[PDB]
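The structure file structure13.cif is reproduced below (mmCIF, C-alpha atoms).
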data_model
loop_
_atom_site.group_PDB
_atom_site.id
_atom_site.type_symbol
_atom_site.label_atom_id
_atom_site.label_comp_id
_atom_site.auth_asym_id
_atom_site.auth_seq_id
_atom_site.Cartn_x
_atom_site.Cartn_y
_atom_site.Cartn_z
ATOM 1 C CA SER A 1 137.459 105.305 115.417
ATOM 2 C CA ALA A 2 136.985 101.557 115.850
ATOM 3 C CA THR A 3 135.165 102.152 119.139
ATOM 4 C CA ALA A 4 132.877 104.655 117.409
ATOM 5 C CA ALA A 5 132.218 102.371 114.432
ATOM 6 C CA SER A 6 131.329 99.473 116.748
ATOM 7 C CA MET A 7 128.231 101.267 118.130
ATOM 8 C CA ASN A 8 126.060 100.341 115.130
ATOM 9 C CA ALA A 9 125.732 96.786 116.456
ATOM 10 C CA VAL A 10 124.646 98.185 119.825
ATOM 11 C CA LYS A 11 121.952 100.258 118.145
ATOM 12 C CA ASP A 12 120.874 97.219 116.118
ATOM 13 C CA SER A 13 120.451 95.019 119.190
ATOM 14 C CA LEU A 14 118.543 97.808 120.935
ATOM 15 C CA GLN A 15 116.043 98.147 118.084
ATOM 16 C CA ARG A 16 115.741 94.344 117.873
ATOM 17 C CA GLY A 17 114.782 94.237 121.542
ATOM 18 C CA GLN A 18 112.276 97.033 121.000
ATOM 19 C CA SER A 19 110.607 95.095 118.182
ATOM 20 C CA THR A 20 110.478 91.917 120.272
ATOM 21 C CA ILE A 21 108.784 93.794 123.111
ATOM 22 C CA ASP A 22 106.359 95.283 120.563
ATOM 23 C CA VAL A 23 105.264 91.849 119.355
ATOM 24 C CA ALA A 24 104.869 90.773 122.979
ATOM 25 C CA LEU A 25 102.673 93.810 123.690
ATOM 26 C CA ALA A 26 100.396 93.004 120.753
ATOM 27 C CA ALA A 27 99.977 89.450 122.020
ATOM 28 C CA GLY A 28 99.317 90.843 125.491
ATOM 29 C CA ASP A 29 96.559 93.092 124.177
ATOM 30 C CA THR A 30 94.906 90.021 122.681
ATOM 31 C CA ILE A 31 95.366 88.010 125.882
ATOM 32 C CA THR A 32 93.875 90.739 128.075
ATOM 33 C CA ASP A 33 90.773 91.097 125.904
ATOM 34 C CA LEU A 34 90.322 87.320 125.976
ATOM 35 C CA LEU A 35 90.763 87.229 129.766
ATOM 36 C CA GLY A 36 88.122 89.916 130.184
ATOM 37 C CA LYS A 37 85.637 87.975 128.080
ATOM 38 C CA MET A 38 86.439 84.886 130.161
ATOM 39 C CA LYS A 39 85.616 86.965 133.219
ATOM 40 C CA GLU A 40 82.082 87.803 132.143
ATOM 41 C CA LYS A 41 81.614 84.198 130.992
ATOM 42 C CA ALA A 42 82.538 82.807 134.421
ATOM 43 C CA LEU A 43 80.553 85.563 136.153
ATOM 44 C CA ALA A 44 77.439 84.594 134.210
ATOM 45 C CA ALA A 45 78.008 80.867 134.783
ATOM 46 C CA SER A 46 78.295 81.467 138.545
ATOM 47 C CA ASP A 47 74.574 82.337 138.683
ATOM 48 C CA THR A 48 72.425 79.405 139.850
ATOM 49 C CA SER A 49 69.232 80.606 138.122
ATOM 50 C CA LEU A 50 70.394 79.492 134.664
ATOM 51 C CA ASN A 51 69.152 76.314 133.029
ATOM 52 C CA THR A 52 71.614 73.607 132.015
ATOM 53 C CA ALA A 53 71.842 74.656 128.359
ATOM 54 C CA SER A 54 72.954 78.208 129.169
ATOM 55 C CA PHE A 55 75.637 77.013 131.585
ATOM 56 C CA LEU B 1 115.801 107.618 111.537
ATOM 57 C CA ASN B 2 115.119 109.472 108.288
ATOM 58 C CA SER B 3 114.325 106.543 105.992
ATOM 59 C CA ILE B 4 112.710 107.124 102.605
ATOM 60 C CA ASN B 5 111.594 103.465 102.445
ATOM 61 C CA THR B 6 109.984 102.404 105.744
ATOM 62 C CA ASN B 7 107.451 104.738 107.419
ATOM 63 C CA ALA B 8 106.538 103.171 110.769
ATOM 64 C CA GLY B 9 104.478 106.132 111.961
ATOM 65 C CA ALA B 10 102.101 105.870 109.020
ATOM 66 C CA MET B 11 101.632 102.167 109.801
ATOM 67 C CA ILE B 12 100.791 102.970 113.423
ATOM 68 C CA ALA B 13 98.350 105.692 112.360
ATOM 69 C CA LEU B 14 96.768 103.267 109.895
ATOM 70 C CA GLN B 15 96.326 100.710 112.676
ATOM 71 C CA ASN B 16 94.592 103.254 114.907
ATOM 72 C CA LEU B 17 92.380 104.383 112.016
ATOM 73 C CA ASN B 18 91.434 100.772 111.265
ATOM 74 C CA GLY B 19 90.464 100.244 114.890
ATOM 75 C CA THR B 20 88.362 103.403 114.876
ATOM 76 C CA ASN B 21 86.635 102.268 111.683
ATOM 77 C CA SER B 22 85.884 98.919 113.322
ATOM 78 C CA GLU B 23 84.268 100.557 116.349
ATOM 79 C CA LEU B 24 82.289 102.842 114.037
ATOM 80 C CA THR B 25 80.920 100.014 111.887
ATOM 81 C CA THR B 26 80.041 98.121 115.074
ATOM 82 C CA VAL B 27 78.038 101.124 116.278
ATOM 83 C CA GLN B 28 76.385 101.371 112.849
ATOM 84 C CA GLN B 29 75.223 97.755 112.906
ATOM 85 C CA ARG B 30 74.071 98.041 116.524
ATOM 86 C CA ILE B 31 72.082 101.172 115.639
ATOM 87 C CA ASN B 32 70.405 99.759 112.535
ATOM 88 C CA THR B 33 69.665 96.248 113.838
ATOM 89 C CA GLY B 34 68.584 97.634 117.212
ATOM 90 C CA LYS B 35 70.403 94.829 119.052
ATOM 91 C CA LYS B 36 73.761 94.600 120.796
ATOM 92 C CA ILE B 37 73.787 90.849 119.974
ATOM 93 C CA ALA B 38 72.376 90.508 116.449
ATOM 94 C CA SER B 39 74.195 87.258 115.624
ATOM 95 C CA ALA B 40 76.257 84.390 117.010
ATOM 96 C CA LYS B 41 79.486 86.357 116.506
ATOM 97 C CA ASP B 42 78.437 89.001 119.051
ATOM 98 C CA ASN B 43 77.999 86.428 121.859
ATOM 99 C CA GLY B 44 77.304 82.796 121.032
ATOM 100 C CA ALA B 45 76.016 81.733 124.443
ATOM 101 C CA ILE B 46 73.673 84.671 125.022
ATOM 102 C CA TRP B 47 72.572 84.417 121.385
ATOM 103 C CA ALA B 48 71.746 80.749 121.941
ATOM 104 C CA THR B 49 69.765 81.419 125.113
ATOM 105 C CA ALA B 50 67.897 84.260 123.408
ATOM 106 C CA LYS B 51 67.076 82.129 120.362
ATOM 107 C CA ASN B 52 65.719 79.277 122.459
ATOM 108 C CA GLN B 53 63.730 81.724 124.602
ATOM 109 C CA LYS C 1 100.477 93.956 113.404
ATOM 110 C CA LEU C 2 103.167 91.267 113.136
ATOM 111 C CA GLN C 3 103.600 92.059 109.437
ATOM 112 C CA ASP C 4 104.058 95.746 110.206
ATOM 113 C CA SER C 5 106.559 94.876 112.944
ATOM 114 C CA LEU C 6 108.595 92.676 110.587
ATOM 115 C CA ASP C 7 108.676 95.382 107.912
ATOM 116 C CA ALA C 8 109.718 97.990 110.475
ATOM 117 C CA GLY C 9 112.491 95.674 111.637
ATOM 118 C CA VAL C 10 113.811 95.186 108.111
ATOM 119 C CA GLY C 11 113.780 98.958 107.724
ATOM 120 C CA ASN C 12 115.746 99.299 110.951
ATOM 121 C CA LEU C 13 118.167 96.714 109.598
ATOM 122 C CA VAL C 14 118.999 98.108 106.145
ATOM 123 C CA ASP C 15 117.627 101.644 105.590
ATOM 124 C CA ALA C 16 120.090 104.541 105.432
ATOM 125 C CA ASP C 17 119.704 107.706 107.526
ATOM 126 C CA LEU C 18 119.814 110.161 104.627
ATOM 127 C CA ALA C 19 120.212 113.300 106.753
ATOM 128 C CA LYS C 20 123.834 112.309 107.442
ATOM 129 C CA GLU C 21 124.700 111.640 103.796
ATOM 130 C CA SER C 22 123.156 115.024 102.973
ATOM 131 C CA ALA C 23 126.237 116.522 104.643
ATOM 132 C CA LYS C 24 128.633 113.746 103.642
ATOM 133 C CA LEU C 25 127.903 114.439 99.965
ATOM 134 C CA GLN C 26 128.906 118.106 100.108
ATOM 135 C CA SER C 27 131.944 117.278 102.238
ATOM 136 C CA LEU C 28 133.180 114.624 99.804
ATOM 137 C CA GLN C 29 132.580 116.965 96.857
ATOM 138 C CA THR C 30 134.730 119.672 98.438
ATOM 139 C CA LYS C 31 137.315 116.998 99.270
ATOM 140 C CA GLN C 32 137.265 115.809 95.649
ATOM 141 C CA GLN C 33 137.923 119.334 94.402
ATOM 142 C CA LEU C 34 140.788 119.730 96.878
ATOM 143 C CA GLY C 35 142.255 116.398 95.793
ATOM 144 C CA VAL C 36 142.054 117.317 92.117
ATOM 145 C CA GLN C 37 143.829 120.593 92.870
ATOM 146 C CA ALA C 38 146.495 118.800 94.914
ATOM 147 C CA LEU C 39 147.183 116.258 92.167
ATOM 148 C CA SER C 40 147.351 119.056 89.588
ATOM 149 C CA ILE C 41 149.912 120.789 91.801
ATOM 150 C CA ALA C 42 151.830 117.500 92.085
ATOM 151 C CA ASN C 43 151.975 116.950 88.325
ATOM 152 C CA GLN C 44 154.133 120.025 87.611
ATOM 153 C CA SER C 45 157.044 119.206 89.938
ATOM 154 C CA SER C 46 159.355 118.246 87.060
ATOM 155 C CA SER C 47 159.035 121.708 85.477
ATOM 156 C CA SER C 48 161.206 123.375 88.136
ATOM 157 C CA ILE C 49 164.187 121.282 87.001
ATOM 158 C CA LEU C 50 163.934 122.735 83.491
ATOM 159 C CA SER C 51 164.827 126.249 84.667
ATOM 160 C CA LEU C 52 168.063 124.996 86.243
ATOM 161 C CA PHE C 53 169.792 124.514 82.876
#

Just give me the structure as structure tokens.
Amino acid sequence: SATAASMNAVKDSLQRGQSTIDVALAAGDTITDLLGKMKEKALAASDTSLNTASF
Amino acid sequence: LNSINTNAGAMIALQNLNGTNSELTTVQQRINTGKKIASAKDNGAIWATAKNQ
Amino acid sequence: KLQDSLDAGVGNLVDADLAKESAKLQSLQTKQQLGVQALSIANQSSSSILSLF
């Protein structure tokens, strides 16, 4: 009975880890969108036909 | 989990609906203005080059 | 999204899973009736002595 009652803490730590990974995935969604925008920015800046103000 | 307080699935569905509404209003503004870059928020660098041009 | 995650975590932390108490309630009610009957049976033990005299 004590071994069965002790499992609630195991379930609590498991859900806490799930929520931590969820917050990390939201931040990763933001970081990937920002990295993609940085990609087209660098891809446009690579062109030599731009004037100085655009670069 | 059969909670009568928290309802995580409704929060997730609300997040997806909010994202869909954002894409829809973006399409509405792009349709009515006729431009994919109507303002500095859409793309500040391309907006600047287009304004100077 | 972080607000929704914090609220979902508090719900994981404190909310009851009512489907289990839905059975626990009926079980404890039957157990309460059985305990009342057992105590009522216990109360009359002195009466058997009265017949002896």

List the spatial neighbours of stretch 18-25 of chain C as a VMD selection string - criterion: any atom at most 10 Å away, all atoms listed in the file, same-chain residues fewer than 6 positions off excluded.
(chain B and resid 1 to 4) or (chain C and resid 31)

What residues come out when you apply the PyMOL selection byres ((chain C) within 12 of (chain B)) to this file, written as an MDAnalysis selection string?
chainID C and resid 1:22

Would you mind listing, as a ChimeraX atom specification, all residues of chain A that have at least one atom within 9 Å of chain C, where all atoms listed in the file are what counts?
/A:12,15-16,19-20,22-23,26

Near chain B, 12 Å: chain A residue rows, closest pairs, all atoms listed in the file, as a Markdown table:
| residue | atom | partner | partner_atom | distance |
| --- | --- | --- | --- | --- |
| A:11 | CA | B:1 | CA | 11.6 |
| A:15 | CA | B:1 | CA | 11.5 |
| A:19 | CA | B:8 | CA | 11.7 |
| A:22 | CA | B:12 | CA | 11.9 |
| A:26 | CA | B:15 | CA | 11.9 |
| A:37 | CA | B:43 | CA | 10.0 |
| A:38 | CA | B:43 | CA | 11.9 |
| A:40 | CA | B:43 | CA | 11.1 |
| A:41 | CA | B:45 | CA | 9.0 |
| A:42 | CA | B:45 | CA | 12.0 |
| A:44 | CA | B:46 | CA | 9.9 |
| A:45 | CA | B:45 | CA | 10.6 |
| A:50 | CA | B:49 | CA | 9.8 |
| A:51 | CA | B:49 | CA | 9.4 |
| A:52 | CA | B:49 | CA | 10.6 |
| A:53 | CA | B:49 | CA | 7.8 |
| A:54 | CA | B:49 | CA | 6.1 |
| A:55 | CA | B:45 | CA | 8.6 |

Just write the chosen residues, C-alpha atoms, as a compact mmCIF listing (two decimals), in the coordinates of the input.
# COMPACT_ATOMS: atom_id res chain seq x y z
CA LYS A 11 121.95 100.26 118.14
CA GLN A 15 116.04 98.15 118.08
CA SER A 19 110.61 95.10 118.18
CA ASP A 22 106.36 95.28 120.56
CA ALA A 26 100.40 93.00 120.75
CA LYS A 37 85.64 87.98 128.08
CA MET A 38 86.44 84.89 130.16
CA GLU A 40 82.08 87.80 132.14
CA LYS A 41 81.61 84.20 130.99
CA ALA A 42 82.54 82.81 134.42
CA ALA A 44 77.44 84.59 134.21
CA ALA A 45 78.01 80.87 134.78
CA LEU A 50 70.39 79.49 134.66
CA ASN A 51 69.15 76.31 133.03
CA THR A 52 71.61 73.61 132.01
CA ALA A 53 71.84 74.66 128.36
CA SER A 54 72.95 78.21 129.17
CA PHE A 55 75.64 77.01 131.58

How many Å separate atom CA of residue C:32 from atom CA of residue A:3?
27.3 Å

Using only the atoms of stretch 3-14 of chain B listed in the file, plus 8 Å on each side, state the axis-aligned box centre and edge lengths in Å rounded to one decimal, as JSON.
{"center_x": 105.5, "center_y": 104.6, "center_z": 107.9, "size_x": 33.6, "size_y": 21.0, "size_z": 27.0}

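Atom CA of residue C:35 lies 20.4 Å from atom CA of residue C:47.
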
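Distance-wise, atom CA of residue B:40 and atom CA of residue B:53 end up 14.9 Å apart.
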